[PDB]
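Shown next, in structure tokens, is the structure this report addresses.
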Amino acid sequence: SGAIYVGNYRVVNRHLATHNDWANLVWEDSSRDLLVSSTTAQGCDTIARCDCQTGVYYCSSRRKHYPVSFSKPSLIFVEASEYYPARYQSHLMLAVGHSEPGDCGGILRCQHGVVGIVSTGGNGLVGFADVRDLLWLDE
Ligand SMILES: NC(=O)[C@H]1CCCN(C(=O)Cc2cc3c(cc2Br)OCO3)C1
Ligand SMILES: [Zn+2]
């Protein structure tokens, strides 16, 4: 679990969005596993606007942060799960690192701010949904 709170927006994994997220929907994209909903309180986070490929993410299954080198946002095949059919997920960045079910929502940050959130995982792999292109989160 986990969310980014920026301005009057909350960014979550689309597959973990609550009834309240859908009732306050701003934007969602099943191909990116992202959903953004509106909030009344002002957020705590700031978003990176950069091309970093290294950073640090939070891994809830280890209660720890780990450094990572990750690929640029791209279209990557993701196997079927209870949440989605087998499909290509866009704007996904892969890295070598620990991940297990329950780790989605963990934040990836670089020196400039929040880069994205954990969205997928494999055997020694972790995938992050990028949010750096969503320029409207800031205004
Ligand atoms: N973005 C999606 O399509 C995700 C929907 C929820 C399911 N999903 C995953 O990847 C789950 C997952 C599977 C794992 C793992 C870590 C994670 Br996270 O390590 C070993 O096998 C895919
Ligand atoms: Zn950066």
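Neighbour counts are summed over all protein chains in view; Cβ atoms, including those assigned to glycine, are modelled from backbone coordinates with ideal geometry. The numbers here are math on the coordinates, done by the rules we state, and not lab data.
Only residues that are of a type outside the set (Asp, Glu) and assigned to a strand (DSSP E or B): list them for segment 13-44, please.
Passing the criteria: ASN13, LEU25, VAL26, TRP27, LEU34, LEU35, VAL36, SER37, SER38.
Yes or no: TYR9 aromatic (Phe, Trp, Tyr), closer than 23 Å to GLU100 by Cα and buried (at least 16 other Cβ atoms within 10 Å of the Cβ)?
When the stated conditions are applied, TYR9 does not pass them.
On the basis of being in contact (Cβ under 8 Å) with a residue 40 or more places away in the chain, within 16 Å of the chain's Cα centre (by Cα) and closer than 30 Å to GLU139 by Cβ, does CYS59 make the cut?
No.
I'd like to know if segment 74-91 contains one or more residues that are within 16 Å of ligand 2 (Cβ to nearest atom), in contact (Cβ under 8 Å) with a residue 24 or more places away in the chain, surrounded by fewer than 17 Cβ atoms within 10 Å (Cβ to Cβ) and not in a loop (DSSP other than H, G, I, E, B).
No, that holds for no residue.
Residue-by-condition table, conditions (1) of a type in the set (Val, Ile, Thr); (2) away from ligand 1 (no atom under 11 Å from the Cβ); (3) within 19 Å of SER1 (Cβ to Cβ):
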position	(1), (2), (3)
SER69	no, yes, no
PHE77	no, no, no
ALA80	no, no, no
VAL115	yes, yes, yes
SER119	no, no, yes
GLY124	no, no, no
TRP136	no, yes, no
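I'd like to check something: does segment 27-40 contain any residue that is out of contact with any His (no Cβ under 6 Å at 6 or more places or on another chain) and within 16 Å of ligand 2 (Cβ to nearest atom)?
no
Mind counting the residues in segment 112-133 that are within 23 Å of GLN42 (Cβ to Cβ) and either surrounded by fewer than 21 Cβ atoms within 10 Å (Cβ to Cβ) or not hydrophobic (A, V, I, L, M, F, W, C) (or both)?
So the count comes out to 5.
With the requirement that a residue be within 13 Å of the chain's Cα centre (by Cα) and of a type in the set (D, E, K, R), what does segment 96-127 give you?
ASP103, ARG109
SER99 - would you say it is in contact with a strand residue (DSSP E or B) (Cβ under 9 Å, 6 or more places away or on another chain), part of a loop (DSSP other than H, G, I, E, B) and hydroxyl-bearing (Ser, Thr, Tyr)?
Yes.
In this structure, does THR46 turn out to be within 16 Å of ligand 2 (Cβ to nearest atom), touching a residue at least 40 places away in the same chain (Cβ under 8 Å) and of a type in the set (S, T, N, Q)?
The answer is yes for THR46.
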